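Chain residues, written in single-letter form:
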Amino acid sequence: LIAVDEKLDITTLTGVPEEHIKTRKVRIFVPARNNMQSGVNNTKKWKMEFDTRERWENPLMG
Amino acid sequence: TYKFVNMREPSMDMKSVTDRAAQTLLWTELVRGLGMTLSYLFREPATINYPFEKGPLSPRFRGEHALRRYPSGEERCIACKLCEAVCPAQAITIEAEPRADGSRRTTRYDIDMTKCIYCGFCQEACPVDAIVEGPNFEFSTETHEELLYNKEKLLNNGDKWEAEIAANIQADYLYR
Amino acid sequence: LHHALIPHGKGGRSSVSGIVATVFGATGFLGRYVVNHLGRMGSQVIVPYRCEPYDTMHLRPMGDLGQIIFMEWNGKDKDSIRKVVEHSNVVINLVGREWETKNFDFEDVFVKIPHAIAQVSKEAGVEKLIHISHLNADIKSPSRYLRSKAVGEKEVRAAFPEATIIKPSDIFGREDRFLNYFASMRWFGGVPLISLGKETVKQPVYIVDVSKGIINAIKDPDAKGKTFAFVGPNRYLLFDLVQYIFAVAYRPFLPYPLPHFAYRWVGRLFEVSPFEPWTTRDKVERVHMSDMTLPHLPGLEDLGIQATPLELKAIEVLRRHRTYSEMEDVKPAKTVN
Amino acid sequence: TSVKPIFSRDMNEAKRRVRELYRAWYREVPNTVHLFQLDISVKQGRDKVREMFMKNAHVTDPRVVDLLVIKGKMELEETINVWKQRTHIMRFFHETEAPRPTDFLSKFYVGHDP
Amino acid sequence: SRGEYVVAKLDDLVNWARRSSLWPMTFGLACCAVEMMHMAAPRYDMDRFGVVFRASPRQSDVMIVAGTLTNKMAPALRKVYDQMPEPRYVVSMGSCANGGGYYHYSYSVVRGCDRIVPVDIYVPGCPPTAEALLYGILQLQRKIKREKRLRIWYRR
Amino acid sequence: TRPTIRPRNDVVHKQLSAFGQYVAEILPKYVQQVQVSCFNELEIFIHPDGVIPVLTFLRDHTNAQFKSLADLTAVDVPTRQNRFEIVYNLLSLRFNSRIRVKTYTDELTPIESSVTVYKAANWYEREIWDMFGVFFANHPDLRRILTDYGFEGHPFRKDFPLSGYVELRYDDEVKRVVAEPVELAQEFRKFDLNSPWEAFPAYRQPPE
Amino acid sequence: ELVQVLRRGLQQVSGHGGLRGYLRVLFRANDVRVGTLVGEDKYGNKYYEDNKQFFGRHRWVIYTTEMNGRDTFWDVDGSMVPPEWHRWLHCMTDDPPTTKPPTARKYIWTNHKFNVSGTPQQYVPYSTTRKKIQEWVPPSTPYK
Amino acid sequence: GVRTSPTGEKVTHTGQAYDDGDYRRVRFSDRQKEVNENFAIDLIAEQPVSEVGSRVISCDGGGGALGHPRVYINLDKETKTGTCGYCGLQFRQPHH
Ligand SMILES: CCCCCCCCCCCCCCCCCC(=O)OC[C@H](COP(=O)([O-])OCC[N+](C)(C)C)OC(=O)CCCCCCCCCCCCCCCCC
Ligand SMILES: CCCCCCCCCCCCCCCCC[C@@H](O)O[C@H](CO[C@H](O)CCCCCCCCCCCCCCC)COP(=O)(O)OCC[N+](C)(C)C
Ligand SMILES: CCCCCCCC/C=C/CCCCCCCC(=O)OC[C@H](COP(=O)(O)OCCN)OC(=O)CCCCCCC/C=C/CCCCCCCC
Ligand SMILES: NC(=O)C1=CN([C@@H]2O[C@H](COP(=O)(O)OP(=O)(O)OC[C@H]3O[C@@H](n4cnc5c(N)ncnc54)[C@H](OP(=O)(O)O)[C@@H]3O)[C@@H](O)[C@H]2O)C=CC1
Ligand SMILES: *P(=O)(O)OCC(C)(C)[C@H](O)C(=O)NCCC(=O)NCCSC(=O)CCCCCCCCCCCCC
Ligand code: SF4
Ligand code: SF4
Ligand code: SF4
Ligand SMILES: [Zn+2]
């Protein structure tokens, strides 16, 4: 049982590219209740999602 | 219950020993195999003369996709996107807007036939029986692009195969 | 720019580069590499072809779905030329031939066809025209090949003022006829050289470097109507270059001097082949002709491309010709530079 | 605070294992070049091994170092036994990827990516 | 022209042999390979068309990519395609070979064997019927019938 | 009778509960929890360091002859501190029964390999390592089994993208297959399908 | 007996209309069996039935020598049949189109088309939706 | 109602036609553009208007289970005709 005070960094082990590791801002939020419905069962767990990037149109089939 | 398949000790009497020795020296089982193969040679082959003869099919067969119309000529699809919701492979792309007369009709309806798995879920989920799997199965193409059907291609397929598709649906609509 | 010509994506296979390029003579060495680079960057490539469609199969994986379009064209048909350049904002001309056939000559393939392509492109609203020429292009050159290339360069410049004339010296690569031609002369006994090749200096350039320069010329706005000269970083004597080629190929190297008239007669002998000839008189003249030095014209360093020395990329081409692969070190050839 | 070790009780053993792995990789580069008929030189392979070792130089947790050296030993085992092809060895060398600029002006010109 | 007539007749003769005699190398990777066995079964009998049941890569002229092509498998497919001697044709059978099929968005699947090898014929289905594959083979045969190698060469 | 509702086997439920109490009493040092689901499945939650003793007991005990290792897998739950959940499914032919053993483990914590107890554990643990990153201490040969050679990342983790990071294609310039960053012609369409109304009141959690 | 088989072969020779017809059906269809004619479509295909054969060979089609604008004397496809005869030939029903005509619609194709891949009539995909965002057109009048 | 665009290209029923400066028209060179000649809107306009003597009328598209879900249309507002929106069929109550 060794002792260490590190901050549990698994960046080098996840395998994600450094670009997507260092240039990504995620949003930790509880999703808002959909106003079209009165149910509140989708607003109970926290969600982590990444920032939106570019989305263009395919030259073929659009 | 159970049974044994290879637990049977052969008899060691002189008659059986001589029979087994004759089987070893005189290739009895090999001659038997030759006789069976000769019988199969003299039997009639089971080959059909394609393409002049076609293998049997069923009204439930799933092949090339098609979009149908009403007897009045109006297309059956109402742009409900249950296609896109239920498609396992996400091979259907639908975009809709109100028509000039105010109808709820599609403006884009694309099926990627190279992504579709021909599972038949789209025609089960249609509330109006618009999208169907036609009986055609000989629509091979020489390029990848030609398998990216759009609304015009699907409507042309429906118009082309409407008679056979209607007959199949009439024959097999009571089981659904 | 058109709304559909605005670049998008991260410059990958599925992205839009905004470049619609009609590439003439794409079923060749440099055309193949250029089409590959355009497909990598995500452009819309139009490939006019005259040969069998089976010979265009290798160009299909280079582009995404619908990016590569194959259209049948005729060299002596301005109607087909217009049909294939009608919707492109870039036109690349790489049509060429080391020899002459019974229907096409050097003038036909280097003066007539390029002039028609340039003329139709100007009338079709094509924004950019890249035309490939030769570094040793001179009106009074000994070879009809270079004479016709110079005449065609002048005619194309006259027809399309805003043109980019690219003049590679001599391109070496996997499918080249420079290193493959030099390494395959072992069949004719010893290797024949004019004056043993000690008076000819060559500066070869990499196929990848040439293709990258062509791609950069399209994107760079300062090369609208210019003339470039793509040359390698080092200049080698012909004898030393052939010796290095044979050392890398691990083949027995025995050079012998051959008189100029005898070598021309030998080249004439090979021209009688109805198929592709091993060598021609014009090819012998070009091989034994020196490489012109044009410091005035800009080059790969001006376009942002660092030329690759022949020592690094020689092993790729010549590994095929090894017979035993032979896993022995080869000393670099000394350069005149 | 207190966790069980994997292979190294402290950083010294992890550094020793890193040095052993570096020696093993260094002694295998010419053999890898010869077997796979790579067009690169031995110096390029040594430099690439050095670069791969130097991109994890900021790791300070011994367990992460142990996992990294385990993965490196696995990759060396795949290379020695010629389980991989020339394809993967050249995949280590990003060769067909266009050089992405790292300056603000060029990033602004090309697109919306940060 | 007599030369034009002779080259046309020789092209017809050469294309007839290649069309009639096909020796395909079956790259059976997944469930699409079973339908190839059923095409070789007595009912359809691919042999009667001059299409041999199986052949080695050296003696093969057609490669039938039938199955899901993965990242761990693509180099082997490219290697065997390179080892095949020209003229060579490719028939991509099934959704997995054509595009991605059910596994289009997977991390370990090549989205179409056309990203690796030039495909001549695409056969749609999951799995394509044995009749569908036979129709694709006959379409490839009729495509070979339209080759004009000697006509192109004579007009060079 | 109720045709549309699955029958229940109280006898088997009681037998499984009794055996769970039995094993919990026998092994108090490692067994943390015992559960019996309503479809008659026994689950034993144990400490990660008691894997070898618990499996050896459940393999060699006279009343617990679970000679067959049915399956071995892991479940990734990011919200937990110990995200990885190693599950062992054991089959007893002598008593015609099945048992399930559960263990928790994070990224950096090794587990003792069960190749000594069960031989299928070799390939099962190789697959678990390849797909999640969980390390097994005493494995005869631990390496990637399913993923491509040189593959970076563990696909089955919940934080790994579905389409991955790289894709393969043939590049004519280098005359070989190359790996390039992934770029989809059509993006995968994420569908929000969860209804905003609670469906099962029996599983309702405290409001916190 | 062998004599009976030889007589049946000679009858098959005579059943196709002499020697030229027998050779034509032998070389362009690879089968010389004779069966009762069921009907003919508008393109020239002739559909025959012979229930004495085993299942899968009891119905067949002899294709026309010319369909649409393509010479199909040798190059015959399985997609050259109209949909109703296609259903009958593939045995999804026991009723020929002559006995059970398909329902007539004003939108159903009157002329059938085979697979047009590799031909100028091949299908080419395109986007069927309009442009999403309209750009701002600058004024045509100079400000100064 | 197949109409030809200024560039000589047929316009589909969705109002689709590539512009003059659009490079994407090159894909139709030496080939053809797939357009369905029958327009459903034109056909349904050609269809007549059924008149029934009731305030509420039920439409299932014809054929029973082979049509669309049955809907009920209120024929009260005499300004317009009640349109079944699945099949786009017009029903009206007699006035004169
Ligand atoms: C017992 C017998 C044993 C031998 C049996 C086999 C021999 C008999 C049958 C041979 C048939 C011909 C086959 C040739 C090969 C064709 C396919 C081929 O390889 O194509 C590739 C090439 C195509 O040429 P290419 O140059 O276009 O190739 C495309 C480019 N690459 C190489 C990248 C693919 O074919 C040839 O080059 C063949 C040309 C020569 C053959 C003769 C053609 C002309 C014949 C008429 C001449 C004029 C007659 C009138 C005047 C007479 C005056 C005297
Ligand atoms: C050991 C080496 C052998 C050398 C042999 C040399 C001799 C030449 C070989 C001649 C073989 C016979 C000729 C080819 C037989 C053609 C058979 C004919 O039926 O094919 C037709 C094809 O005809 C084509 O138009 C090409 C005709 C074949 C080539 C004939 C060339 C002229 C004769 C040879 C001349 C050689 C050049 C002479 C120059 C002076 C139609 O068949 P097909 O295509 O399957 O479509 C039907 C498909 N079905 C069966 C399913 C219905
Ligand atoms: C030309 C006419 C064609 C008509 C026949 C149609 C074709 C029939 C061919 C079918 C054969 C199939 C291929 C056979 C390949 C394998 C053959 C084979 O296995 O034979 C081996 C066989 C047994 O081997 P194993 O059992 O595997 O060894 C274990 C020993 N305890 O050994 C043999 O040598 C076979 C015997 C051959 C010789 C037989 C001689 C019989 C004894 C002769 C007695 C007469 C002596 C003469 C003196 C007379 C004194 C008056
Ligand atoms: N390669 C070199 O060493 C160097 C080349 N250059 C120049 O670069 C250009 C490209 O050279 P490269 O690719 O190596 O040569 P290739 O001979 O390999 O390619 C020539 C291309 O032009 C086409 N072509 C030839 N003749 C005609 C014709 N009559 N009508 C239509 N198309 C025709 C060929 O197509 P098809 O398949 O139909 O024959 C082929 O695609 C040429 O202009 C050459 O002079 C300059 C310096 C060095
Ligand atoms: P001294 O101890 O100061 O040494 C300096 C360093 C910085 C290394 C220290 O040891 C140090 O403190 N390092 C930080 C912790 C550490 O040791 N990190 C290293 C991680 S091990 C590692 O990453 C090895 C895996 C790399 C495998 C490379 C694969 C080879 C690729 C070859 C491709 C082409 C070959 C033909
Ligand atoms: S058959 Fe299945 S996979 Fe194909 S489009 Fe329909 S729902 Fe999608
Ligand atoms: S399920 Fe039917 S109505 Fe709905 S989108 Fe599909 S074809 Fe149209
Ligand atoms: S296309 Fe369908 S049947 Fe063929 S390999 Fe893929 S999943 Fe299997
Ligand atoms: Zn209705």
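About the thresholds
Residues numbered from 1 in each chain as written, not as in the entry; some residues may be left out. Chains lettered and ligands numbered in written order. Part of a larger assembly, values for the part shown. Heavy atoms only, no water. Helix = DSSP H or I, 4+ residues; strand = E, 2+ residues; numbered from the N terminus. Rg over C-alpha atoms; globule rule 2.2 N^0.38 Å. Buried < 20%, exposed > 50% of the residue type's maximum accessible area, 1.4 Å probe, protein only. UniProt positions renumbered as here; feature names shortened; annotations may be inferred. 1 Å grid on protein atoms, 1.4 Å probe; cavity = no way out; pocket = protein on both sides within 12 Å on 5 of 7 lines; lining within 4 Å. Points joined across faces, edges and corners; volume = space filled by probe spheres on them. Nonpolar A, V, L, I, M, F, W, Y, C, P; charged D, E, K, R; others polar. Salt bridge = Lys/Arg side-chain N within 4 Å of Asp/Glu carboxyl O. Contact = heavy atoms within 4.5 Å. Buried area = accessible area lost by both parts, 1.4 Å probe. Polar contact = N/O pair within 3.5 Å; in protein donor to acceptor, adjacent residues only side chain to side chain. Pairing = 2+ DSSP bridges. Near = heavy atom within 4 Å. Donors = N, O, S within 2.8 Å, 3.2 Å for Na, K, Ca; no water. Axes fitted to C-alpha atoms, helices over the stretch in contact; angles between N-to-C directions. Core = buried A, V, L, I, M, F, W, Y, C linked by side-chain atoms within 4.5 Å. Parallel < 35°, antiparallel > 145°, perpendicular 65-115°, else oblique. Patch = residues over 30% accessible without salt bridge, like charges linked within 9 Å, V, L, I, M, F, W, Y side chains within 5 Å. Areas by Shrake-Rupley, 256 points an atom, 1.4 Å probe, with all protein chains shown as cover. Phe/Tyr/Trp six-rings, centres within 6.5 Å; stacked < 30°, edge-to-face > 60°. Expected span 1.5 Å × (residues − 1). Arc of directions from axis to C-beta.

J.: Just give me the short version of the overall build of chain H, but keep the residues and values in it.
T.: Within chain H one finds one helix and seven strands. Relative to its length of 96 residues, chain H is extended, with a C-alpha radius of gyration of 20 Å against a globular reference of 12 Å. Dimensions of chain H along its principal axes, counting C-alpha atoms only, are 55 × 35 × 15 Å. A buried classification covers 38% of the 96 residues belonging to chain H.

J.: I'd like a description of the overall build of chain B, backed by residues and values.
T.: For chain B, the helix and strand inventory stands at six helices and five strands. For chain B, the α and β elements follow one another from N to C terminus as α-α-β-α-β-β-α-β-β-α-α. Since a compact globule built from 176 residues should have a radius of gyration of about 16 Å, the 29 Å found for chain B marks it as more spread out than a globular shape. Its C-alpha atoms put chain B at 100 × 45 × 35 Å along the principal axes.

J.: Requested: an account of the UniProt feature "domain: Zinc finger CHCC-type" (unreviewed entry) in chain H, with residues and values cited.
T.: Here, UniProt's "domain: Zinc finger CHCC-type" (unreviewed entry) annotation points to residues 55–91 of chain H. Between the end C-alpha atoms of residues 55–91 of chain H there is a gap of 10 Å, over a span that is 0% helix and 38% strand.

J.: Which residues make up the layout of surface pockets, and what values do they have?
T.: Reported here for the second largest pocket is a volume of approximately 950 Å³. For the second largest pocket, the lining is made up of 36 residues, of which A:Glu57, C:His3, G:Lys131, G:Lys132 and H:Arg24 are closest to its centre. Counted by class, the lining of the second largest pocket contains 12 nonpolar, 11 polar and 13 charged residues.

J.: Can you lay out the pattern of salt bridges for me, pointing to particular residues and giving the numbers?
T.: A full pass over the atoms with the stated rule returns 80 salt bridges over all chains. Here B:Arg99 ties to B:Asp101 by a salt bridge, and the two come within 3.0 Å at their closest N and O atoms. B:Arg99 gets classed as buried once you look at its relative accessible area, which sits at 16%. Judged by relative accessible area, which is 42%, B:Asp101 ranks as partly exposed. Linking C:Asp108 and C:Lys76 is a salt bridge whose minimum nitrogen-to-oxygen distance equals 3.0 Å. Taken together, the residues C:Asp108 in helix α3 (residues 106–123) and C:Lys76 in the loop between β3 (68–72) and α2 (78–85) connect sequence positions 32 residues apart. C:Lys76 gets classed as partly exposed once you look at its relative accessible area, which sits at 47%.

J.: Run through the interface of chain A and chain D, naming residues and quoting values.
T.: Note on interface size: it is often stated as the accessible area lost on association of the parts. Contacts between the two partners involve 13 residues from chain A and, on the opposite side, 21 residues from chain D. Together, the buried faces of chain A and chain D total about 1,500 Å²; carbon and sulfur atoms form 59% of this surface. A per-residue breakdown of the area chain A buries against chain D is headed by A:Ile2, A:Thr12 and A:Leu13, which together make up 43% of the total. Where chain A touches chain D, the interface holds one salt bridge. In this structure, A:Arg53 and D:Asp113 form a salt bridge, with 3.4 Å as the shortest nitrogen-oxygen distance. Summed over the shared surface of chain A and chain D, the number is four residue pairs in polar contact. Elements that contribute at least two residues to the side of chain A that touches chain D include exactly β1 (2–3) and α1 (11–14) of chain A. The residue inventory of the side of chain A that touches chain D, partitioned by class, reads six nonpolar, two polar and five charged. Here β1(A) pairs with strand β1 (residues 2–3) of chain D via two bridges, running antiparallel.

J.: Lay out the interface of chain B and chain G in plain terms, naming residues and giving numbers.
T.: Residue-level contacts link 46 residues of chain B with 43 residues of chain G. Taken together, both faces of the contact between chain B and chain G bury some 4,000 Å²; the carbon and sulfur share is 55%. Among the residues chain B hides against chain G, the three largest losses belong to B:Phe52, B:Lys54 and B:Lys160. Together they make up 19% of the total. Applying the counting rule to chain B against chain G returns one salt bridge.

J.: Tell me about the UniProt feature "binding site: Zn(2+)" (unreviewed entry) in chain H, and please be specific about residues and values.
T.: All names here are of chain H. Mapped onto the present numbering, the UniProt feature "binding site: Zn(2+)" (unreviewed entry) falls at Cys59, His68, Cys84 and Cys87. Across 29 residues, the annotated set stays spatially compact, with a maximum C-alpha separation of 10.2 Å. You can call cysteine 84 buried: its relative accessible area is 1%. Mapped onto the fold, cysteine 87 is located in the loop between β6 (82–84) and β7 (89–92).

J.: So what's going on with the site of ligand 6? Which residues, and what values?
T.: As a matter of local geometry, ligand 6 sits amid B:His65, B:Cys87, B:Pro88, B:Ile92, B:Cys116, B:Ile117, B:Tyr118, B:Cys119, B:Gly120, B:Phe121, B:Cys122 and B:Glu133. A breakdown of the residues in the shell around ligand 6 according to their chemical character gives nine nonpolar, two polar and one charged.

J.: Describe the coordination of the zinc ion (ligand 9), with residues and values.
T.: Residue and element names in this part refer to chain H. Those protein atoms acting as donors to the zinc ion (ligand 9) are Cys59 (SG), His68 (NE2), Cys84 (SG) and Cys87 (SG), and they sit at 2.0 to 2.3 Å. Sequence positions of the donors to the zinc ion (ligand 9) reduce to the motif C-x8-H-x15-C-x2-C. Separated by 28 residues along the polypeptide, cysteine 59 in strand β4 (residues 56–59) and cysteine 87 in the loop between β6 and β7 bring together distant segments of the chain. For the pair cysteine 59 and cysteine 87, one class covers both residues: buried.

J.: Summarise the sheet that holds strand β2 (residues 62–66) of chain E; cite the residues concerned and give the values.
T.: All names here are of chain E. In space, the four strands of this open sheet follow the order β1-β2-β3-β4, with parallel pairing throughout. Whereas interior strands pair on both sides, the edge strands pair on one side only; in this sheet they are β1 (24–28) and β4 (121–123). Averaged over all pairs of adjacent strands, the angle between strand axes in this sheet comes to 15 degrees, irrespective of strand direction. Here β2 runs beside strand β3 (residues 89–93); their pairing, made up of five bridges, is parallel. Pairing of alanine 66 across the sheet is with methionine 93, part of β3. Together, β1, β2 and β3 form the strand contacts of helix α2 (residues 32–40), whose direction differs from that of β2 by roughly 130 degrees.

J.: How would you sum up the nonpolar core? Please name residues and give values.
T.: Counting residues in each nonpolar core, the largest one holds 71 residues, and the members touching the most others are C:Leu30, C:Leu38, C:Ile92, C:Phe182 and C:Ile214. When residues in this core are grouped by element, the largest group, eight residues, is from helix α7 (residues 238–249) of chain C. Those residues in contact with C:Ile214 that sit more than four places away from it in its chain are C:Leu30, C:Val34, C:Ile92, C:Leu94, C:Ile130, C:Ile132, C:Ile166 and C:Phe230. Counting residues in hydrophobic clusters, the runner-up holds 54 residues, among them B:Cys83, B:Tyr118, E:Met63 and H:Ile73.

J.: Account for the packing of α3(C) against helix α4 (residues 144–159) of chain C, naming residues and giving values.
T.: Packed helices, taken two at a time, are described by the angle between their axes plus the distance between the axes. All names here are of chain C. Contact geometry for α3 and α4: axes closest at 8 Å, N-to-C directions at 10 degrees. Here α3 lies roughly parallel to α4, going by the angle between them. In this structure, α3 uses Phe106, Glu107, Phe110, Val111, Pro114, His115, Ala118, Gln119 and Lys122 to contact α4, whose residues at the interface are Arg144, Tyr145, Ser148, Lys149, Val151, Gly152, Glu155, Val156 and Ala159. In terms of residue class, the contact of α3 with α4 is built from nine nonpolar, four polar and five charged.

J.: I'd love a proper account of a nonpolar patch on the surface, names of residues and values included.
T.: All names here are of chain E. On the surface, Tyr5, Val6, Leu10, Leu13, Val14 and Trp16 cluster together into a nonpolar patch covering about 560 Å² of accessible area. Note on placement: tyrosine 5 falls in helix α1 (residues 2–20). With a relative accessible area of 42%, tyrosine 5 lands in the partly exposed category.

J.: Which residues make up the packing of aromatic side chains, and what are the values?
T.: Applying the stated criterion to the full structure yields 44 aromatic pairs over all chains. With 4.7 Å between their ring centres and 70 degrees between their planes, C:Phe24 and C:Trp73 make a pair best called edge-to-face. Here the residue C:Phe24 occupies a position in strand β1 (residues 20–24), and C:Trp73 occupies one in the loop between β3 and α2, the gap between them amounting to 49 residues. When sorted by exposure, C:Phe24 lands in the same class as C:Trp73, which is buried. Where F:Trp129 meets F:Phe135, the ring centres are 6.1 Å apart and the plane angle is 80 degrees; that geometry is what we call edge-to-face. Residue F:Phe135 is classed as buried on the basis of its relative accessible area, which comes to 7%.

J.: Go over helix α1 (residues 10–26) of chain F with me, naming the residues and quoting the values.
T.: All names here are of chain F. With 17 residues, α1 should reach 24 Å at 1.5 Å per residue; the first-to-last C-alpha distance of 24 Å fits that figure. Considered for burial, the residues of α1 that qualify are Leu16, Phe19, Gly20 and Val23. Relative to the axis of α1, the buried residues are bounded by an arc of 105 degrees and lie together on one face. The outward face of α1, more than 90 degrees from its buried face, is lined by the exposed residues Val11, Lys14, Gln21 and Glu25.

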